[PDB]
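Some notes on the structure that comes next.
We did not get these values from a lab; they are worked out from the coordinates using the rules stated. Ideal geometry is used to build each Cβ from the backbone, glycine not excepted, and the neighbour counts take in all protein chains shown.
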2 protein chains.
Amino acid sequence: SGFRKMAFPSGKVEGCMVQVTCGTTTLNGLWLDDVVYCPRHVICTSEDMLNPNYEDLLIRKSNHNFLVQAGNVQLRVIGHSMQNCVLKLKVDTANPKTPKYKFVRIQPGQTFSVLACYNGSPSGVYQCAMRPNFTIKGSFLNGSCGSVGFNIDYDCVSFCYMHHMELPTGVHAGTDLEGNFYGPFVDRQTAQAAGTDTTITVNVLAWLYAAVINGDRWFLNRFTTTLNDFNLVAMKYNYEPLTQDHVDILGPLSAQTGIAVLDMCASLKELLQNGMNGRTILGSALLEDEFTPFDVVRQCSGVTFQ
Amino acid sequence: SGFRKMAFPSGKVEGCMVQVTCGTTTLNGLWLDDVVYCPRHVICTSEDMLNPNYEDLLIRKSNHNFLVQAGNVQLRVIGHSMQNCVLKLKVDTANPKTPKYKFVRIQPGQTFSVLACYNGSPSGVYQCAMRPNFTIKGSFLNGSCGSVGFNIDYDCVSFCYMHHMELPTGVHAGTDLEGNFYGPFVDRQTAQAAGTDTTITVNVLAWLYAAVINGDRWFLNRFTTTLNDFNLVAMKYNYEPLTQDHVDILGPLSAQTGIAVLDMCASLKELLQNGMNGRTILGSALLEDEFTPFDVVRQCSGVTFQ
């Protein structure tokens with residue numbers, strides 16, 4: 001029993017974390033095969049970040065201007081390239097710890113595990129989700145840029161995020177492993193708005209399904225509702241509009257617990273309109289939307305990786 | 001910025017996880033040097049768990065009755081021994097991935113990272129604390145026994161927990177790596193009480209110190225209080241009695257934020273007496289006590305490991 005915010009095992013990703021220094025700016029890099037991926041603003045100074053021309057700033061840089069460090073071992077850069085907002089550093093050595101990997105671009109609401117790193121060394125690992133405004137609520141100090149988010153399929157690491165920035169609201173933003181930002185954010189030290197943060201409705205429902213599985217079921221009401229009527233209440237509370245695909249994904253969870261998806265939507269509707277009255281659900285005093293439906297199925301069945 | 005429940009990198013512990021099968025019972029084991037550690041009730045059947053005589057049940061077992069598996073490789077058991085509630089299986093092979101390690105017995109309130117495993121393969125990693133009643137609130141399905149909790153000091157893994165049981169209250173219990181249980185729990189399928197669960201007061205204060213560092217500071221009141229007067233309110237809410245050692249540990253946090261420890265105790269006192277009025281602190285709608293003061297200092301300074 002028990003249900004917790006769980007992160008994937010980070011061992012396979014630790015072997016791919018290196019330090020990247022250019023000039024006097026340092027951050028983390030992802031070393032897969034003979035290529036190192038890092039945020040492109042490693043070439044910028046503090047003055048450059050106010051308004052950088054990355055093409056012009058990169059022209060003044062050669063292969064020997066990039067200090068790629070893996071423990072005590074220096075890596076020889078034999079080629080550099082800018083793919084959107086990430087830098088690709090070709091090195092003369094393949095990573096001996098390269099796992100089976102792919103580069104995927106996750107959709108809003110999907111979760112992934114972040115391995116926070118500083119100077120190419122891992123400090124911790126935690127789980128977070130792509131908010132509908134394409135931000136994430138993580139823990140990132142200075143030097144944490146280059147840290148990657150990932151999912152694991154048994155033996156295949158699915159890289160999907162790389163940290164680039166902290167918005168002035170204390171929230172974070174970044175790119176995929178091809179350099180394309182999640183959302184309307186640019187790697188530049190200027191004021192940027194994150195947009196309205198909405199709640200991942202399908203994730204709250206799966207979380208409520210996990211509570212029922214783990215004995216916590218006081219919130220189960222006596223009502224039901226419809227998709228269009230529940231969405232009328234979801235809009236008033238800035239919740240993501242629930243669709244039939246969201247209902248389809250919650251099917252296995254609805255079959256295991258015997259609670260129809262529309263019945264849980266009414267229990268969620270009453271929780272929005274009446275609060276929670278000081279009680280708790282799975283030890284949380286609010287509604288948790290950072291658990292995808294597969295996050296619940298994976299935890300309640302205990303799938304393994306290596 | 002940002003503050004999250006973070007777990008240590010699990011890579012060094014993944015290399016020490018093996019599968020242990022005895023008869024038709026299987027669980028996880030910890031393979032360090034030429035010794036494998038596993039919960040001793042791997043020798044029990046479902047009928048044996050109701051009231052086992054582990055000494056008598058172990059006598060009928062020899063070295064070849066233990067199937068220690070590490071991936072596809074079988075390990076040859078050349079010796080077995082019962083140290084309290086754990087079994088020590090001597091094998092003919094040292095673990096090539098043995099990290100620098102120690103066996104420590106943590107005190108109540110201390111936190112550690114749990115690496116959940118099934119069939120000797122890691123499934124996830126999460127952070128939890130030793131509750132004052134010597135339980136933990138984790139996520140453990142059948143087969144998760146043998147999973148270990150640990151802390152990391154740069155390059156030294158400090159093993160401190162191994163999962164053995166789930167109490168009928170849905171909460172968990174286990175031993176250290178020497179076989180001694182945390183609390184008054186015995187590895188036997190009988191009704192056992194966990195005792196009154198109190199709140200780790202010094203951990204809530206450090207968590208409130210982390211919120212002030214991360215901009216969330218609305219809870220800072222205009223009052224102060226004394227140690228004996230705050231403990232009078234702490235007793236009414238089943239909070240751990242705060243001592244001068246607890247104040248001493250919160251010193252560095254009190255110096256960085258400029259808030260005296262006694263001032264924060266009054267802000268915590270008002271949060272206990274008046275609730276939280278629907279607001280949130282660091283995204284949580286209740287008081288979080290699973291963050292030690294060093295957990296805050298470590299996250300706000302970003303210490304690394306390898």
- Note on the structure: Taking only Cα atoms of chain B, the Rg to Rh ratio with Kirkwood Rh works out at 1.03
- In degrees from 0 to 90, rounded to the nearest 10, what is the angle of the helix B:201-213 Cα long axis to the longest principal axis of chain B? 60 degrees
- Task: State, to one decimal in nm and shortest first, how far the label point of A:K100 sits from each corresponding label point in the other identical copies (label point: 7 angstrom along Cα-to-Cβ).
- Result: 3.5
- Note on the structure: Rg/Rh of region B:88-167 (Cα atoms, Kirkwood Rh), to two decimals, equals 0.97
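With n ≥ 4 as the cut-off for DSSP H runs, can you work out [θ] at 222 nm for chain B, using -39500 (n - 2.57) per run divided by the number of residues, rounded to the nearest 500?
Details: 8 runs with 69 residues, N = 306.
Computed mean residue ellipticity for chain B: -6500 deg cm²/dmol.
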- Message: If each residue of separation counts as 0.36 nm, what is the full-extension length gain between A:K100 and A:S46 once their alpha-carbon separation is subtracted?
- Response: 15.8 nm
- Message: Projecting each Cα onto the charge dipole of region A:198-301 (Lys/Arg +1, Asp/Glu -1 at the beta carbon, about the Cα centre), which of A:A234, A:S267, A:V247 comes out farthest on the positive side?
- Response: A:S267
- Angle in degrees between helix B:261-274 and the longest Cα principal axis of chain B, rounded to the nearest 10: 90 degrees
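Could you calculate the FRET efficiency of B:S301 with B:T24 from 1/(1 + (r/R0)^6), where r is the beta carbon distance between them and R0 is 41 Å, rounded to 0.05?
Once rounded, the FRET efficiency stands at 0.25.
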- Query: Tilt of helix A:227-236 relative to the longest C-alpha principal axis of chain A, in degrees (0 to 90, nearest 10)?
  - Reply: 60 degrees
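Taking the Cα centre of region A:198-301 as origin, work out the dipole magnitude from +1 charges on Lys and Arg Cβ and -1 charges on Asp and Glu Cβ, in debye rounded to 20.
Numbers: 6 positive and 11 negative charges, 65 e Å.
Once rounded to the nearest 20, the dipole reads 320 debye.
What's the FRET efficiency of A:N228 with A:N274 using the Cβ-Cβ distance as r and R₀ = 25 Å, to the nearest 0.05?
So the FRET efficiency works out to roughly 0.75.
When a/c is below 1.5 the answer is rounded, else prolate if a/b is larger than b/c, else oblate, so apply that to region A:146-227 with a ≥ b ≥ c taken from the square roots of the Cα gyration tensor eigenvalues.
Details: a/c = 3.13, a/b = 1.70, b/c = 1.84.
In terms of gyration-tensor shape, oblate.
For region A:2-152, with only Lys/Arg (+1) and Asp/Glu (-1) charged at the beta-carbon, what is the dipole magnitude about the Cα centre, in debye rounded to 20?
On the way: 15 positive and 8 negative charges, 120 e Å.
Around 580 debye, computed over region A:2-152.
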- Query: For region B:184-202 and region A:148-178, what is the separation of their C-alpha centers, rounded to whole Å?
  - Reply: 39 Å
- With each pseudo-label sitting 7 Å past Cα toward Cβ, what's the B:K61-B:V35 distance in nm, one decimal? 1.7 nm
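Using R₀ = 41 Å, calculate the FRET efficiency as 1/(1 + (r/R₀)^6) where r is the Cβ-Cβ separation of B:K90 and A:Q69; round to 0.05. If you can, show how the numbers build up before the last one.
Details: r = 40 Å, r/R0 = 0.98.
Computed FRET efficiency for B:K90 and A:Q69 comes out at 0.55.
Please work out how much length the chain gains when fully extended from A:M235 to A:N180, using 0.36 nm per residue of separation minus the C-alpha to C-alpha distance, in nm with one decimal. List each step's numbers first, then the result.
Working: separation 55, 0.36 × 55 = 19.80 nm, distance 2.98 nm.
Between A:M235 and A:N180, full extension yields an extra 16.8 nm.
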- Query: When only alpha-carbon atoms count, how far does region A:198-301 stretch along each of its three principal axes, as whole angstroms with the largest first?
  - Reply: 35, 33, 26
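Compute the Rg/Rh shape ratio of the protein assembly as shown: radius of gyration over Kirkwood radius, all on alpha-carbon atoms. Display every interim value, and only then the final one.
Details: Rg = 25.0 Å, Rh = 25.8 Å.
For the protein assembly as shown, the value is 0.97.
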- Sequence-distant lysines (8 or more away, or on other chains) whose Cα lies within less than 26 Å of A:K5: A:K100, A:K102, A:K137, A:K269, B:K5, B:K12, B:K137
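Once you charge only the Cβ atoms, +1 for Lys and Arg and -1 for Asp and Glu, what is the size of the charge dipole of region A:15-99 about its Cα centre, to the nearest 20 debye? Mind dumping the intermediate values first?
Values: 7 positive and 7 negative charges, 36 e Å.
Dipole size: approximately 180 debye.
Give the peptides A:1-9, B:109-117, A:190-198 in descending order of average Cβ contacts within 10 Å, highest first.
Numbers: A:1-9: 23.1, B:109-117: 24.7, A:190-198: 12.6.
Ranking the peptides A:1-9, B:109-117, A:190-198 by packing returns B:109-117, A:1-9, A:190-198.
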